[PDB]
Amino acid sequence: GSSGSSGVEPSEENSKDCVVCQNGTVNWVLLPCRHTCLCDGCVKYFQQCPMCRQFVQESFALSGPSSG
Ligand SMILES: [Zn+2]
Ligand SMILES: [Zn+2]
């Protein structure tokens, strides 16, 4: 029972998300830089940061009070 609205999306559907698959929520930091642009899986896809391209020496999952 609609008129013809074939486009229902929020103001902005992009923020602190993966810049590789933009499908899953990034929950891993790429230290040192500590950039979260790689999903739990994409984190292994690129040994470096897809933003700063810094040799990833250590990586940990946020798993904190920071979530949407
Ligand atoms: Zn991803
Ligand atoms: Zn980075």
# chains A, B, ... in the order shown; residues from 1 in each chain; ligands from 1

$ residues_near_ligand --ligand "ligand 2" --cutoff "7 Å" --atoms "only C-alpha atoms and all ligand atoms" --output "count of residues only"
10

$ residues_near_ligand --ligand "ligand 1" --cutoff "7 Å" --atoms "only C-alpha atoms and all ligand atoms" --output "CSV table (one decimal) with N, CA and C atoms, in the first residue's frame"
chain,number,residue,atom,x,y,z
A,18,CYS,N,34.3,-0.3,6.9
A,18,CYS,CA,35.4,-0.8,6.1
A,18,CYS,C,35.4,-0.2,4.8
A,19,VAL,N,36.6,0.3,4.4
A,19,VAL,CA,36.8,0.9,3.1
A,19,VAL,C,37.3,-0.1,2.0
A,20,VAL,N,37.0,-1.4,2.3
A,20,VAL,CA,37.4,-2.4,1.4
A,20,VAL,C,36.1,-3.2,0.8
A,21,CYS,N,35.3,-3.6,1.7
A,21,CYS,CA,34.1,-4.3,1.3
A,21,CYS,C,32.8,-3.5,1.8
A,22,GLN,N,33.0,-2.6,2.6
A,22,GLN,CA,31.9,-1.7,3.1
A,22,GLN,C,30.7,-2.6,3.3
A,23,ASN,N,30.8,-3.8,3.8
A,23,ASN,CA,29.7,-4.7,4.1
A,23,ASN,C,29.7,-5.1,5.6
A,24,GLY,N,30.8,-5.2,6.2
A,24,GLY,CA,30.9,-5.6,7.6
A,24,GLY,C,31.4,-4.4,8.5
A,26,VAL,N,33.9,-2.8,10.9
A,26,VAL,CA,35.3,-3.0,11.3
A,26,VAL,C,35.5,-3.0,12.8
A,38,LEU,N,39.4,-2.3,8.4
A,38,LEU,CA,39.4,-3.7,7.9
A,38,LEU,C,38.6,-4.6,8.8
A,39,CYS,N,37.5,-5.2,8.3
A,39,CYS,CA,36.7,-6.1,9.0
A,39,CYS,C,37.5,-7.2,9.6
A,41,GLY,N,37.8,-9.9,9.0
A,41,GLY,CA,38.4,-10.7,7.9
A,41,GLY,C,39.3,-9.9,7.0
A,42,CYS,N,38.9,-8.7,6.6
A,42,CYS,CA,39.7,-7.8,5.8
A,42,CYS,C,41.0,-7.4,6.5

$ atom_distance --atom1 "atom CA of residue 62 of chain A" --atom2 "atom CA of residue 14 of chain A"
19.0 Å

$ atom_distance --atom1 "atom CA of residue 36 of chain A" --atom2 "atom CA of residue 16 of chain A"
7.4 Å

$ select_by_dssp --residues "chain A" --states "helix (DSSP H, G or I)" --output "mmCIF file with N, CA and C atoms, in the first residue's frame"
data_model
loop_
_atom_site.group_PDB
_atom_site.id
_atom_site.type_symbol
_atom_site.label_atom_id
_atom_site.label_comp_id
_atom_site.auth_asym_id
_atom_site.auth_seq_id
_atom_site.Cartn_x
_atom_site.Cartn_y
_atom_site.Cartn_z
ATOM 1 N N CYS A 42 38.869 -8.687 6.626
ATOM 2 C CA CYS A 42 39.678 -7.829 5.771
ATOM 3 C C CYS A 42 40.982 -7.445 6.461
ATOM 4 N N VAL A 43 41.035 -7.654 7.773
ATOM 5 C CA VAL A 43 42.223 -7.331 8.551
ATOM 6 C C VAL A 43 43.423 -8.151 8.089
ATOM 7 N N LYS A 44 43.158 -9.372 7.636
ATOM 8 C CA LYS A 44 44.214 -10.259 7.161
ATOM 9 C C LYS A 44 44.433 -10.089 5.661
ATOM 10 N N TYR A 45 43.427 -9.555 4.977
ATOM 11 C CA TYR A 45 43.510 -9.341 3.538
ATOM 12 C C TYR A 45 44.712 -8.470 3.184
#

$ closest_residue --among "A:11, A:57, A:3, A:63" --to "residue 40 of chain A" --atoms "only C-alpha atoms"
A:63
